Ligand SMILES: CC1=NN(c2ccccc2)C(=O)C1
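Consider the single chain below, provided in structure tokens and representing the form deposited without this ligand.
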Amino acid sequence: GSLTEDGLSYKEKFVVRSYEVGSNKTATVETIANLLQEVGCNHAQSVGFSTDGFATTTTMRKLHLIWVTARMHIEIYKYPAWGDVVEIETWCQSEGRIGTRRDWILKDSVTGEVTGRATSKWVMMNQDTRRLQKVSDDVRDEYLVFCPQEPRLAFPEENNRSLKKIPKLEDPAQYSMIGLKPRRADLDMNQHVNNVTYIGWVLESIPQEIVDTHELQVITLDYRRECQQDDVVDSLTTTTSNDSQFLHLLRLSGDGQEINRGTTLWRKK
């Protein structure tokens, strides 16, 4: 992997592995989401960030502040086949005092064709109290030197699906998968549930018949609260619609506290 010529974006190639693919011998959306996370990490390391925290500046480490994902939005036109090389380009942008955005473009390394794109919204939070906060001028100044100054968006369109508000699924859900719990492989290097695990859990309540006859085109996921290593989750799904659309909700099995909400768009194969 490497920073581009101007040092404002980062590119990395990956060979799709045998265990990374589903029934059609192409990479799963969870494999894609792990690769986006990996290229994000390699970009932060290349521009000087420490191994103590992801994209945490010197002032953030001094204040015990971290970046946390608020939303992930991925659109795939073609999933790379087993053995294929996919090239991913990533970059960051400041969004005033709201937080930061990380965008990605996925390409077929042989044809140069764009096969997918993704965007994510990150908010600042105190690591100890879990209280969200706006980005201070000192922090904004320390990371602006690594971001393009003019806007560069993966999703430019005037009213695009990446910024649409997601409603809360009402009981009863059409489909559900109950009692989902993380194992040690679902945790990251800090013993927190990996953000990609939540995508897998959302998709668990999609019926097998949709999975077998449709291709997942778009997934938008809002992150509200964390699943702890000892928590149990229920995944709920209701059809909202050639194309199939679904509304999703992940909540704690006991009290029913929301942890995530999302939408998926699928097209017939």
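What we label the rigid core is the largest C-alpha set whose atoms superpose within 1.5 Å from one form to the other. Note that residue numbering begins at 1 and tracks the sequence as displayed. Shifts are known only where both forms have a C-alpha.
- Among the other compared PDB entries, is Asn242 dropped in a third or more? Missing in at least a third of the others, so yes.
- In at least a third of the other entries we lined up, does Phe54 end up with no coordinates? Per the records, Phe54 goes unmodelled in at least a third of the other entries.
- Query: If you count the residues of the deposited sequence that sit between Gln208 and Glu209 but have no coordinates, do you get none, 1 to 3, 4 to 9, or 10 or more?
  - Reply: Unmodelled stretch: none, continuous chain.
- Query: Of 134-142 and 147-155, which one has the bigger average CA B-factor?
  - Reply: Taking the mean C-alpha B-factor of 147-155 and of 134-142, the larger value falls to 134-142.
- Query: Per the PDB record, is the mean Cα temperature factor higher over 35-43 or over 62-70?
  - Reply: Averaging CA B-factors over each stretch, the winner is 62-70.
- Message: Checking the record values for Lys107, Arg183, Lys164, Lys121, which has the greatest CA B factor?
- Response: Of the candidates given, the C-alpha B-factor peaks at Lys164.
- Selection from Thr115, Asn194, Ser94, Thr90 [criterion: highest C-alpha temperature factor in the record]: Each of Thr115, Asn194, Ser94, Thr90 was compared by C-alpha B-factor; the highest is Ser94.
- Message: Can you tell me whether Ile98 has a C-alpha B-factor in the lowest, middle or highest third compared with the other modelled residues of the same chain?
- Response: It belongs to the highest third of the chain when residues are ordered by C-alpha B-factor.
- For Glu20, return the chain-relative third of its C-alpha B-factor as stated in the PDB record: lowest, middle or highest. Lowest third - that is where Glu20 ends up once the chain's C-alpha B-factors are sorted.
- Relative to the other modelled residues of the same chain, rank the CA B-factor of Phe54 and answer lowest, middle or highest third. Highest third, going by the recorded CA B-factors of the chain.
- Message: Using the temperature factors of the C-alpha atoms in this entry, rank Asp84 within its chain: lowest, middle or highest third.
- Response: Ranked within chain, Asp84 CA B lands in the middle tercile.
- Looking at the C-alpha B-factor of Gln217, is it in the lowest, middle or highest third of its chain? Tercile = middle for this residue's CA B-factor.
Absent from the display: the form solved in complex with this ligand. The rest refers to it.
- Query: When you measure heavy atoms, are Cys92, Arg102 and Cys147 every one within 4.5 angstroms of this ligand in the bound PDB entry?
  - Reply: Every residue of the spot touches this ligand in the bound PDB entry.
- Is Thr240 a contact residue for this ligand in the bound PDB entry, using a 4.5 Å heavy atom cut-off? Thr240 lies outside the contact set for this ligand.
- Query: Applying a 4.5 Å heavy atom distance criterion, does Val47 contact this ligand in the bound PDB entry?
  - Reply: Answer yes; at least one heavy atom of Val47 falls within 4.5 Å of this ligand in the bound PDB entry.
- Task: Decide whether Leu169 counts as a contact residue for this ligand in the bound PDB entry under a heavy atom distance cut-off of 4.5 Å.
- Result: Outside the cut-off, so no.
- Query: Is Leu63 close enough to this ligand in the bound PDB entry to count, meaning some heavy atom within 4.5 Å?
  - Reply: No, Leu63 sits far enough from this ligand in the bound PDB entry that none of its heavy atoms falls within 4.5 Å.
- Query: Mind listing which residues of 221-239 have a heavy atom within 4.5 Å of this ligand in the bound PDB entry?
  - Reply: Heavy-atom contacts to this ligand in the bound PDB entry: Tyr223, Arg224, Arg225, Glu226.
- Query: Which residue in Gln228, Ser50, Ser46, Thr213 stands out, with a C-alpha shift of 2 Å or more between the shown form and the other one when both forms are set on the rigid core?
  - Reply: The one that moves 2 Å or more is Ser50.
- Which bits shift between the shown form and the other one if the core is lined up, counting only runs of three or more residues where every C-alpha moves 2 Å or more? Flagged stretch (3+ res, CA at least 2 Å): just 50-54.
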